[PDB]
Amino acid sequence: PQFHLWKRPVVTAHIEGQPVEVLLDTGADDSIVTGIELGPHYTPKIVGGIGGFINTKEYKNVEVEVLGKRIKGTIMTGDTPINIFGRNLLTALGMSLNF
């Protein structure tokens, strides 16, 4: 199936049971979510974006259910303005950018 890019490519995912609407971003290397708690087993991280950078908590082998699949992967939490799934999860989902 495919997303055509006239509207934002947003889907609902479940991160450890929690429903979250995420933007599928090919220019994000990482996926960073807010408003979910995944606990104390994290390594701290800083990721940069357009206007500067943010403090994140990187979690490993989190389970994500999205577009019919359950995959486990790396989620960060931090004060992102919008939740994004970057290429680490999109490669896990077999997504490609076609033309």
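All residue numbers refer to positions in the sequence shown, first residue = 1.
Of the two segments examined, 23 to 31 and 51 to 59, it is 51 to 59 that shows the higher average Cα temperature factor in the deposited entry. When 89 to 97 is weighed against 2 to 10, 2 to 10 comes out higher, by mean CA B-factor as recorded in the entry. Annotation for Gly39: CA B-factor lies in the highest third of the chain's modelled residues. For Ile82, the recorded CA temperature factor ranks within the highest third of the chain's modelled residues.
In this PDB entry, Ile71 carries a Cα temperature factor that places it within the middle third of its chain's modelled residues.
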